[PDB]
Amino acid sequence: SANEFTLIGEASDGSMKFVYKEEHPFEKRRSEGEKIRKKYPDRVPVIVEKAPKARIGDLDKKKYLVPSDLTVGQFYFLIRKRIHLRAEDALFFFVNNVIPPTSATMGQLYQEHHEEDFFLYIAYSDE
């Protein structure tokens, strides 16, 4: 197909703003994250939000406390069941605009990417 290409996929705009951070002042989030990490050191606190452009279902709950040794892939299935995804619908997680390996553990992601309020922030989208 001479000079012909099919342009597919979109470069991430990196513009994911979490509503959680707009609705809860930093000092309140940090106090809470610090406390929950002290109380439950084998668990990590995670905020999960849908990317605004995503056309899949929203979550009822956004604050999760998950085992540090749980993988991304296990978390994927737990979240997918909560939004009732059509069988053929894709679901991707983004941490700081990057999709993590599905065998990474939630503790590993948290250690590397948690924010200064001691939460790990994950966005999800359908593309």
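We call the rigid core whatever largest set of C-alpha positions still superposes within 1.5 Å between the two forms. Start at 1 with the first residue shown and count on from there.
A fit on the rigid core, followed by a root mean square over CA positions in 7 other deposited structures of this protein, ranks 84-92 against 97-105 and picks 84-92 as the more shifted one. Of the two segments examined, 23-31 and 43-51, it is 23-31 that shows the higher average Cα temperature factor in the deposited entry. Two stretches are in play, 88-96 and 70-78, and the higher mean C-alpha B-factor belongs to 88-96. Looking at the C-alpha B-factors along this chain, the one for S15 belongs to the highest third. Among the modelled residues of the chain, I83 sits in the highest third by CA temperature factor in this PDB entry. Sort the chain's modelled residues by C-alpha temperature factor and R37 lands in the middle third, per the entry. Sort the chain's modelled residues by C-alpha temperature factor and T6 lands in the lowest third, per the entry.
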